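What follows is a single structure, written as structure tokens, with notes after it.
Number of protein chains: 8
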Amino acid sequence: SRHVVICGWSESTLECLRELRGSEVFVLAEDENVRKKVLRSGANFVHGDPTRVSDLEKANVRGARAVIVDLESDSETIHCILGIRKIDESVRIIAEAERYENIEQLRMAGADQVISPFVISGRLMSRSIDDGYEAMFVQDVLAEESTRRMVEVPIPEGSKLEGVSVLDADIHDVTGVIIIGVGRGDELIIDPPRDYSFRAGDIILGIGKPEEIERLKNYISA
Amino acid sequence: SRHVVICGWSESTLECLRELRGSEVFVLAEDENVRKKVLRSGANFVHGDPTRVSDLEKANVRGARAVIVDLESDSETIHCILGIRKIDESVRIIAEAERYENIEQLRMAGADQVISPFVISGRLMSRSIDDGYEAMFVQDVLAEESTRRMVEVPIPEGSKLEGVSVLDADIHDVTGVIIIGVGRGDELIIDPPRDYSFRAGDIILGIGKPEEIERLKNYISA
Amino acid sequence: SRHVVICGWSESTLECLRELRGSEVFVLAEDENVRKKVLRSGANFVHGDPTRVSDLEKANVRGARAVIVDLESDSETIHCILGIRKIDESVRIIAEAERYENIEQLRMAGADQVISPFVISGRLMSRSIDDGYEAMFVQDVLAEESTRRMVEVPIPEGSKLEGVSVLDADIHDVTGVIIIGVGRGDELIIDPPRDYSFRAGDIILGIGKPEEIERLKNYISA
Amino acid sequence: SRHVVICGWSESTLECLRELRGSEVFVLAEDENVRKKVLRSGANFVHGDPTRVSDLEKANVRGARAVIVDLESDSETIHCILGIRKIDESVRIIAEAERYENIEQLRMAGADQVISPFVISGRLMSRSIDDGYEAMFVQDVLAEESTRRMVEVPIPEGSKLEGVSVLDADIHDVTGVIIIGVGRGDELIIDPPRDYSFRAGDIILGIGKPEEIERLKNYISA
Amino acid sequence: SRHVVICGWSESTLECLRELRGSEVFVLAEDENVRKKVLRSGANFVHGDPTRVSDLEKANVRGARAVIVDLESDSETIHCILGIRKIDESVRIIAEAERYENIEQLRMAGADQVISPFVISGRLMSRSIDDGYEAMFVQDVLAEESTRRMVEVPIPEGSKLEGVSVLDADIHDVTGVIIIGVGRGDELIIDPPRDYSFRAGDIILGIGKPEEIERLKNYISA
Amino acid sequence: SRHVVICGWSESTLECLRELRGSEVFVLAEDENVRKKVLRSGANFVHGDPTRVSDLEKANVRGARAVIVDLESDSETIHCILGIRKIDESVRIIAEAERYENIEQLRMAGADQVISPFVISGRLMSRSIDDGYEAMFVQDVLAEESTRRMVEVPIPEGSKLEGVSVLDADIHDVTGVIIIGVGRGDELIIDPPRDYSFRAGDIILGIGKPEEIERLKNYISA
Amino acid sequence: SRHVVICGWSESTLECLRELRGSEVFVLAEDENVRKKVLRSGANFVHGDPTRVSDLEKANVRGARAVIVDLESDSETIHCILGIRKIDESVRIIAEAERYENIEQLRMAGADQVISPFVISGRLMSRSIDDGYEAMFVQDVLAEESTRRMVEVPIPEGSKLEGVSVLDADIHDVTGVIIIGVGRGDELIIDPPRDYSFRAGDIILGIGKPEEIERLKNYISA
Amino acid sequence: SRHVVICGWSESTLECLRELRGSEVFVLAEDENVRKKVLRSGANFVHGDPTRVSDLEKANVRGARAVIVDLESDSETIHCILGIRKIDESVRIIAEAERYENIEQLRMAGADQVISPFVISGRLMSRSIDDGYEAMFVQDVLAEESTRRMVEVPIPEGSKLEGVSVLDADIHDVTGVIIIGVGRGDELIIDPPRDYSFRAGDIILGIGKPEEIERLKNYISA
Ligand SMILES: [Ca+2]
Ligand SMILES: [Ca+2]
Ligand SMILES: [Ca+2]
Ligand SMILES: [Ca+2]
Ligand SMILES: [Ca+2]
Ligand SMILES: [Ca+2]
Ligand SMILES: [Ca+2]
Ligand SMILES: [Ca+2]
Ligand SMILES: [Ca+2]
Ligand SMILES: [Ca+2]
Ligand SMILES: [Ca+2]
Ligand SMILES: [Ca+2]
Ligand SMILES: [Ca+2]
Ligand SMILES: [Ca+2]
Ligand SMILES: [Ca+2]
Ligand SMILES: [Ca+2]
Ligand SMILES: [Ca+2]
Ligand SMILES: [Ca+2]
Ligand SMILES: [Ca+2]
Ligand SMILES: [Ca+2]
Ligand SMILES: [Ca+2]
Ligand SMILES: [Ca+2]
Ligand SMILES: [Ca+2]
Ligand SMILES: [Ca+2]
């Protein structure tokens with residue numbers, strides 16, 4: 115597919131570059147001494163300032179399919195998002211929020227999805243006082259080393275499940291995939307009710323072993 | 115319950131102190147210029163160095179029920195964890211990893227739950243290039259304002275589900291919650307197979323509306 | 115009159131606080147080492163982070179008649195303007211642009227007047243290679259010590275100059291005030307054409323000696 | 115004509131190098147990582163220390179027609195001005211003042227014109243509290259995009275205007291330009307009184323449309 | 115035997131590398147400007163970070179017979195000890211403590227022996243106020259130049275000394291060595307009482323002339 | 115007794131001030147940020163530069179019974195010893211060597227006892243590769259908490275052991291004190307030969323339990 | 115006489131303040147921790163910044179008879195010299211040059227005597243490789259404790275040497291001093307030729323015992 | 115001749131290296147980034163620590179004809195002088211004193227000549243208050259650009275002046291050289307008395323023009 119631009123170099127973008135092996139990744143950062151670690155991670159390095167529109171352009175923000183923005187502070191992230199939305203109004207921007215108060219300003223500035231690692235970490239630290247099964251669940255289903263994988267299985271056009279409710283479908287009973295939520299557009303319904311009718315173009319968010327994912331994919335086929 | 119000691123002050127401890135309303139919190143940090151934001155958040159401030167054992171015994175580590183260690187570096191976090199393990203060996207420690215490679219070191223040092231926010235943030239960044247329902251699910255089920263709540267419902271002794279298999283139970287059709295994992299002790303089995311059988315002391319990790327949570331709590335009772 | 119809030123401490127805010135003798139000024143800055151030099155100039159100091167919304171609500175942004183934003187970078191200035199515009203949708207914001215590319219973004223964020231000192235400095239530097247009369251003019255008319263003064267005289271409702279053109283009024287021969295512009299709302303017409311007709315509510319931007327300014331104010335009266 | 119030397123690199127010199135396109139410009143600065151920016155702005159780069167006389171002689175200060183000094187502080191600017199005056203006592207130096215109190219010392223060191231941007235910025239931010247017509251006037255007549263330009267015409271020898279007063283000449287009623295100042299040598303008389311008689315050699319500072327500029331040039335001919 | 119790894123470089127490791135001549139020594143340190151000193155002291159140099167598990171595995175920690183950790187602080191030393199214990203749980207670690215209070219935490223992290231030089235230095239400087247015979251004793255029996263050496267002999271299996279008390283054995287009157295301690299495993303009994311019976315496996319710590327050392331070795335034979 | 119002067123503040127001087135409870139200690143150091151930690155240990159602080167002779171005369175070097183010199187480098191230690199020896203030619207100086215090459219220069223400059231902690235640390239590091247009984251012995255006998263104590267017992271004038279050899283005296287069987295050396299003046303004979311005869315004025319350096327030390331003091335009395 | 119102001123504090127100002135006993139000295143420096151050593155040396159301390167004009171007028175630059183400028187860098191020295199020349203244009207400035215190339219800049223800035231100690235020290239170092247009588251002469255004639263004194267004996271009006279040539283005078287055989295130079299105004303003629311003739315106002319620079327100085331003062335009198 | 119070793123890099127050694135052009139000069143310093151300026155000054159660079167005896171030796175201190183020692187502080191200079199006197203007891207050491215109190219310790223440590231630039235500068239600054247002819251004299255006769263040169267002219271064996279007094283010689287009357295002093299061994303007599311008898315092996319210290327130096331050299335010949 116098309117290339118991916120990463121604005122800023124930190125630990126979040128380091129793990130994102132670890133899971134994005136194979137694709138074309140350009141890294142735009144100010145430090146000249148991070149070129150060796152960007153190239154050892156298998157990505158191209160572009161020396162520049164990510165808040166400038168000229169240097170933003172140099173990294174080919176127009177032709178990218180997603181831009182990942184993680185700079186030093188929230189103000190620089192909002193400024194870089196405003197620059198990218200000045201250049202291209204249709205590209206996908208994924209941003210990282212350091213404070214909880216700035217998620218609304220990051221969404222109004224033009225980010226297509228805002229991720230808050232300190233809010234997630236604070237909620238997991240507050241929830242792991244009694245016993246930490248939520249943090250174990252999150253950190254184990256995000257890893258590509260366990261047996262159960264959380265995948266998005268799209269509903270094709272003309273499928274066998276067009277218009278059927280969740281109760282009559284029985285996806286967990288046949289396929290063995292735990293259906294934790296179903297998504298439409300930019301919205302997600304976690305634990306969907308029983309009178310929810312499936313529509314064409316939906317995204318099923320599920321957890322299961324890979325042969326269960328194959329049986330689910332063969333079950334919802336055209 | 116007892117009180118909670120927090121070593122270090124950051125954004126993660128801000129969100130943890132937000133969701134810790136109703137308890138007694140002692141914050142131990144070296145900066146004196148965080149006393150105003152600690153005392154506004156409903157916590158006591160104890161000035162000292164968290165890596166030092168006398169300043170740890172100032173903050174009542176012994177009578178605590180959990181200690182949260184979020185310091186600046188992983189070296190300081192390991193040093194503070196060993197300082198806590200000097201004083202009380204059986205207290206619960208929830209640590210935070212800055213880098214991914216130090217998770218095994220933080221577990222060998224004595225932490226009971228290691229929460230790495232940047233690995234979670236990078237994995238939610240790279241899984242949102244196409245569509246971001248996974249990041250929305252993760253950030254939605256942890257917030258205590260939405261409709262669906264991720265809870266831990268323990269199976270009591272003398273239950274009607276003791277020895278009953280999960281295929282014989284079929285909890286989602288009767289009660290309406292999604293049994294996404296069953297844990298006992300330190301281990302968590304995500305998406306358990308149908309030949310798993312419950313016992314007394316197992317913890318059920320599930321997602322549902324609070325009416326469904328009350329139906330599940332009344333379903334597993336004697 | 116109401117008070118003025120100044121975000122950030124720099125040289126521009128120092129000169130602005132010099133020319134603001136008589137008013138009530140609140141200064142919101144992050145450094146505590148500037149408390150003496152803020153208090154020496156006749157302004158009350160408010161310690162806080164100006165890009166944070168709570169520290170903006172500390173300094174009474176709502177009851178202010180103008181907010182002067184001049185922080186260390188353009189990203190922080192855009193973030194502070196967004197934070198003020200979250201609070202008061204109708205307050206007047208005067209901002210300072212560090213780059214020429216950011217003037218339109220500081221205006222889209224919500225500033226009413228964006229003043230770029232580096233662009234004016236570069237354009238007065240390049241216009242001084244032969245003979246610097248432009249820089250001498252600009253730096254002489256703004257100083258409140260010289261003989262000629264650049265003022266704004268509004269046209270009262272019911273003035274004798276209603277409907278009169280700038281050719282038929284002949285302001286320079288009667289009063290002595292050099293008419294370099296006529297303003298209406300957020301628009302200024304420098305060197306207005308002779309067919310431009312005056313209306314009540316207009317602002318006349320002119321240069322003249324103070325006796326000539328008083329003769330102009332007596333001339334355009336009802 | 116000859117070349118222009120620029121000692122230092124900042125936003126002021128960047129906008130000055132924007133306005134000085136087509137000419138031959140040498141930029142002398144310490145950082146070698148600005149060479150690509152100096153070349154992309156159309157200027158030759160000379161690596162060295164601006165306060166040192168050897169690197170000043172490397173950058174061809176002797177044959178220059180103007181040197182523009184904009185360094186990090188006022189001590190380095192004064193040191194550079196004294197070095198240039200050691201090399202060439204007759205070249206023109208345009209200096210930039212960081213602080214307001216160092217202007218007379220920069221003039222004593224040898225600068226032919228001192229442009230203080232933060233003083234202008236503070237005075238415009240102070241005058242823009244009520245309504246900002248002064249900042250609009252300055253940033254509109256300096257920007258080479260709008261219709262009215264602030265230009266200078268010299269009075270040639272034996273002109274029709276030699277020895278006539280401004281009340282007898284009546285420049286604005288015939289030509290259409292607004293006479294804001296007329297200056298001789300290194301002085302400037304803003305808003306000259308009616309008894310001021312013109313002499314050959316004076317430079318007329320005016321504002322008008324370009325057709326009025328050509329009419330003014332055709333009127334003041336010999 | 116095998117090789118010896120040294121993590122860090124200081125005066126302690128320099129004198130240790132002086133005493134460890136003839137063996138095979140790898141030195142792992144961050145500065146690349148110590149390579150000539152490591153090679154001139156007769157040891158191979160490995161460039162890298164001692165707290166990182168990758169650079170620890172680069173320096174052959176697995177096949178080592180002892181690793182000596184002497185880093186800049188106690189946090190880095192504890193981090194390095196935990197990294198080595200992640201690689202090899204059975205190798206011997208000799209650590210150095212900077213501060214006195216971190217000794218038990220360095221022992222908890224995994225060090226087989228902690229040598230605190232500044233505690234010994236402070237106690238010798240405190241004991242040397244009246245007359246300094248203790249510092250003379252320590253710095254004379256450790257220095258391999260004087261006549262009396264502090265050596266260890268092991269008691270072989272089935273010896274003539276197996277099961278006899280020290281009052282019955284009378285080592286100093288026959289052999290001429292001064293028995294200052296006899297230790298088993300990881301303990302040491304300095305000045306053992308008369309009812310202490312020897313057993314096969316104990317190590318006898320003594321001070322004497324080398325002819326007395328050979329007489330002691332010939333006396334305790336099987 | 116008189117007072118003790120300590121030049122420089124470090125870890126060695128901190129432990130020396132720990133073991134000096136009861137005496138009058140003056141600490142001469144250059145940093146003012148150590149005043150609390152000097153005063154907390156029971157020592158009066160004197161701010162000054164220890165390598166300067168006037169600040170040495172401030173802290174009453176002449177009336178002191180010992181001066182402990184431990185500065186940041188060996189050059190400053192040699193300079194401080196020269197400055198003290200300018201003032202008092204007969205005071206006792208205890209110095210700390212950072213390098214092995216500088217012990218003879220610190221002794222030629224005028225120190226009475228030079229204690230090198232890094233050489234002892236390196237020699238105990240290299241003697242712990244197999245089994246560390248030497249380091250355990252050295253760090254156990256110097257601590258004033260353990261069971262056995264390394265003491266100095268002087269021979270009074272007119273003692274019963276005058277003229278008696280170390281073989282005929284038989285100190286270990288009568289008293290229990292392990293005789294590891296006999297000192298006379300600035301000389302120590304570790305493991306003295308059996309033909310060595312005692313004289314009045316000798317110092318016996320021994321190890322033993324405190325009851326055995328009192329039995330030795332009763333045995334060698336007149 | 116009048117008072118002397120000293121800008122900056124270093125070792126040169128220490129020796130200058132030692133030889134300035136009997137006068138009134140005001141020391142102006144930014145550090146507050148030099149007040150004790152300034153007040154011990156018989157001088158007044160004025161806290162302030164020597165490059166600032168208000169802190170210069172605090173230290174009474176106007177009524178002074180000489181100002182000594184020895185700051186940290188040559189940029190700061192030039193800035194302070196121009197600050198002094200703002201206030202009193204005719205006062206005597208004795209400056210100090212850190213580097214050799216800034217001597218012409220320090221003279222152009224307004225200093226009346228520039229003293230470069232490192233050029234003198236390097237020239238006395240390189241002229242002492244064979245034998246060092248030149249360094250001994252330079253360091254001996256400046257010390258006011260030796261036998262021979264370098265003085266300035268002015269020739270009064272109405273003298274017996276007015277118009278008399280130096281060959282006709284032959285001052286060394288009559289009075290005993292060595293006439294090593296005769297200066298008038300700013301110029302100094304070292305080793306004058308025999309056709310030089312004296313005038314009224316010439317200063318004789320000579321070396322001799324104070325008896326010979328009194329004989330020279332009585333020889334040139336009327 | 116033989117080579118010259120310079121310990122440390124500063125401005126004094128820079129001017130010393132400027133006047134020592136042609137000879138073999140080795141520069142021993144710790145900074146690795148001064149190699150380019152040492153090589154551009156025409157001298158060989160040796161990377162090392164000048165206070166270490168091993169690195170001192172590497173620079174071939176034994177075969178040198180003079181060592182010039184100018185380090186950061188006086189303690190390092192005394193330490194390097196003690197190291198050089200440990201290596202070679204006959205080489206010539208020229209040292210630089212930063213404080214006046216340490217000249218005696220630098221001479222006792224083994225320096226053959228000690229130069230104090232701050233004492234010279236303080237005495238010249240104190241002597242230049244009235245008018246600065248002493249500083250002009252010193253700084254002009256040390257320079258190799260004026261007409262008068264201060265040279266050392268040795269007295270040969272069997273000369274015409276063996277045994278003659280200063281009065282009968284009349285060196286200034288014949289040769290024109292001002293004889294300011296005569297030196298023997300390590301002593302200098304400035305302004306020698308009239309009954310001083312010349313001896314073979316003396317050094318005459320004189321000022322004059324070069325043809326006067328030639329006439330003096332021909333006058334005192336064998
Ligand atoms: Ca981040
Ligand atoms: Ca839980
Ligand atoms: Ca399943
Ligand atoms: Ca953190
Ligand atoms: Ca996805
Ligand atoms: Ca449900
Ligand atoms: Ca600004
Ligand atoms: Ca112009
Ligand atoms: Ca007028
Ligand atoms: Ca600038
Ligand atoms: Ca206005
Ligand atoms: Ca016009
Ligand atoms: Ca160490
Ligand atoms: Ca003792
Ligand atoms: Ca023996
Ligand atoms: Ca030390
Ligand atoms: Ca051993
Ligand atoms: Ca015993
Ligand atoms: Ca200086
Ligand atoms: Ca010489
Ligand atoms: Ca004489
Ligand atoms: Ca020096
Ligand atoms: Ca004088
Ligand atoms: Ca002559």
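Protein chains in written order, with the deposited numbering: chain C, 115 to 336; chain G, 115 to 336; chain F, 115 to 336; chain B, 115 to 336; chain D, 115 to 336; chain H, 115 to 336; chain E, 115 to 336; chain A, 115 to 336.
From the three backbone atoms N, C-alpha and C, an ideal C-beta is built for every residue, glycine too.
- Message: Let me check understanding here. Comparing Cα to Cα, which of 297/F, 177/F, 272/F, 216/F lies closest to residue 336/F?
- Response: Here residue 336/F refers to the residue found at position 222 when the third sequence is read from its first residue. Per the Cα distances, 272/F.
- Message: Which of the three DSSP states is assigned to residue 324/C in this structure?
- Response: Here the question's residue 324/C lines up with position 210 in the first sequence. Residue state, collapsed to three classes: helix.
- ligand 4 heavy atom lying under 7 angstroms from the CB of residue 145/F: Taking the third sequence and counting its residues from 1, the one referred to as residue 145/F is at position 31. The answer is no for residue 145/F.
- Closer than 8 angstroms, Cβ to any Cβ of chain D: which residues of the region 186-203 of chain G, in chain order? 187, 188, 189, 190, 192, 193, 196, 197, 199, 200
- Query: Given a limit of 9 angstroms on CB to CB distance, which residues of the region 207-220 of chain H reach chain A?
  - Reply: 213, 215, 216, 218, 219
- Is it buried or exposed for residue 216/C, if we count other Cβ within 10 angstroms and need 16 for buried? Translated into the one-based positions of the first sequence, residue 216/C becomes position 102. Residue 216/C should be labelled buried.
- Which parts of the region 218-305 of chain C are runs of the beta strand (DSSP E), unbroken and 3 residues or longer, counting only runs that do not cross its ends? 227-229, 263-268, 292-298, 301-304
- Item | Candidates 300/D, 156/D, 207/D, of which the one nearest residue 181/D by Cα | If you number the fifth sequence from 1, residue 181/D lands on position 67. Residue 181/D has its Cα closest to that of 207/D, out of 300/D, 156/D, 207/D.
- Message: Quick check on residue 228/B: buried or exposed, where buried means 16 or more other Cβ atoms within 10 Å of its Cβ?
- Response: One-based indexing of the fourth sequence puts residue 228/B at position 114. With 16 or more other Cβ atoms within 10 Å, it is buried.
- Query: Can you tell me the Cα-Cα spacing of residue 250/C and residue 130/C, whole angstroms?
  - Reply: As a position in the first sequence, residue 250/C is number 136, starting the count at 1. As a position in the first sequence, residue 130/C is number 16, starting the count at 1. Taking the straight line joining both Cα atoms gives about 20 angstroms.
- Span of the beta strand (DSSP E) holding residue 179/H? Numbered from its first residue, the sixth sequence carries residue 179/H at position 65. It spans 178-183 - the beta strand (DSSP E) in which residue 179/H sits, taken as one unbroken run.
- Message: Just checking residue 241/F against ligand 8 - is the residue's beta carbon closer than 7 angstroms to any of the ligand's heavy atoms?
- Response: By 1-based counting over the third sequence, the position of residue 241/F is 127. Because some heavy atom of ligand 8 lies under 7 angstroms away, the Cβ of residue 241/F counts as near it: yes.
- Pick from 161/G, 203/G, 233/G, 328/G: whose alpha carbon is nearest that of residue 214/G? Stepping through the second sequence from its first residue, residue 214/G is reached at position 100. Minimum Cα distance to residue 214/G is reached at 233/G.
- Classify residue 314/C as buried or exposed, calling it buried when 16 or more other Cβ atoms lie within 10 Å of its own Cβ. Counted from its first residue, the first sequence places residue 314/C at position 200. Exposed, by the Cβ-count rule.
- Contained beta strand (DSSP E) runs [length at least 3] in the region 126-204 of chain G, N- to C-terminal order: 139-143, 158-161, 180-183
- Integer-rounded CB distance, given that residue 117/A should sit under 8 angstroms from residue 138/A: As a working note, residue 138/A is residue 24 in the eighth sequence. As a working note, residue 117/A is residue 3 in the eighth sequence. Sure, about 4 angstroms apart at Cβ, within 8 angstroms.
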